[PDB]
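Structure record follows, encoded as structure tokens.
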Amino acid sequence: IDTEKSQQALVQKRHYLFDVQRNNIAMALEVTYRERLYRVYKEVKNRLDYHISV
Amino acid sequence: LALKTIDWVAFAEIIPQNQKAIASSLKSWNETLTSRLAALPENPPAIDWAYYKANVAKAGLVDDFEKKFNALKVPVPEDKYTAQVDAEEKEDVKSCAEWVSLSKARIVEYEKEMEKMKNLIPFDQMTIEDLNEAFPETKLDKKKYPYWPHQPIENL
């Protein structure tokens, strides 16, 4: 009995795989967005200061 | 940005041995993705044009760069990948719950049988036929040894 009930507790714990990946899918799409933000921000700023530099 | 908090040893127990390497990859990327999110804020600091309105002598070029900026639509990346793992999650809980049902059946069987050994008639009033009913192993195989004492003499 004690072995079987241990397996059930474990089965109930199975859900941790799917949230992990879901976390990684969540963060990655957040990263590539913020990178896209800094990239666009930084580039346009560069063309600006170049005009200031020349 | 709502994440789900996660244990790591609890993560470890529920991985089969055939995909342990993938699990490590999900662990590494999870760590890295936390660091990269820590090392940058959410929005870039949009620079005031005052420093660039009064410091460029080029003919109105600062205006159309900034007009092109406020009217710029950066492509927000869409998911295209979490719906299909949610469906895989649903499918899993189905396979989980049906097994918990099966195991539950083996539990309730052990409870009845445990109770049977628990309420055993004391050994003094027990006929040997009652014992062989209790411990079906103690019976003597009248097929392999038909004649008395129904067992090899060594085991006697």
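These values consider heavy atoms only, across backbone and side chains, with no hydrogens, waters or symmetry-generated copies. Lettering of chains follows the sequences in order, A, B, ..., and the numbering in each one begins at 1.
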Report yes if some heavy atom in the side chain of [X] is under 4.5 Å from a heavy atom in the side chain of [Y]; otherwise report no.
{"X": "A:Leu10", "Y": "B:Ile14", "result": "yes"}
{"X": "B:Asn43", "Y": "A:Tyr38", "result": "no"}
{"X": "B:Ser95", "Y": "B:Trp99", "result": "no"}
{"X": "B:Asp86", "Y": "A:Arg22", "result": "yes"}
{"X": "B:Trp29", "Y": "A:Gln21", "result": "no"}
{"X": "A:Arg36", "Y": "A:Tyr41", "result": "no"}
{"X": "B:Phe69", "Y": "A:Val40", "result": "yes"}

For [X], is it the side chain, the backbone, both, or neither that has a heavy atom closer than 4.5 Å to a heavy atom of chain A?
{"X": "B:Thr32", "value": "neither"}
{"X": "B:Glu89", "value": "both"}
{"X": "B:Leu26", "value": "both"}

Task: Closest-packed option against chain A by number of heavy-atom pairs under 4.5 Å, given B:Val76, B:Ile47, B:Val93 - done: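 Highest number of heavy-atom pairs under 4.5 Å: B:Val76.
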TODO: Could you have a look at B:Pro75, B:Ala23, B:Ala46, B:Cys96 and say which one has the most heavy-atom pairs with chain A under 4.5 angstrom?
DONE: B:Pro75
Task: Sidechain-backbone polar pair: A:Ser6 side chain, A:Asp2 backbone, donor-acceptor under 3.5 Å - done: yes
Open item on the list: Is it the case that atom NZ in B:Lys142 sees more than 12 heavy atoms from other parts of the structure closer than 6.0 Å?
Closed with: no
Open item on the list: For residues 100-136 of chain B, give me every residue with a non-hydrogen atom less than 4.5 Å from any non-hydrogen atom of chain A.
Closed with: B:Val100, B:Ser103, B:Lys104, B:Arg106, B:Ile107, B:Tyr110, B:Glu111, B:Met114
Can you tell which part of [X] gets under 4.5 Å to a heavy atom of chain B, answering side chain, backbone, both or neither?
{"X": "A:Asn23", "result": "side chain"}
{"X": "A:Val31", "result": "side chain"}
{"X": "A:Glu35", "result": "side chain"}
{"X": "A:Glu30", "result": "side chain"}

- [ ] Of all the heavy-atom pairs spanning B:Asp7 and B:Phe11, show the shortest one and how long it is.
- [x] O-CB, 3.4 Å
Open item on the list: Quick check for you: among A:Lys13, A:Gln8, A:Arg47, A:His15, which has the greatest number of heavy-atom pairs under 4.5 Å with chain B?
Closed with: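 Highest number of heavy-atom pairs under 4.5 Å: A:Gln8.
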Task: Between B:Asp79 and B:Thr82: side-chain donor-acceptor atoms closer than 3.5 Å - done: yes
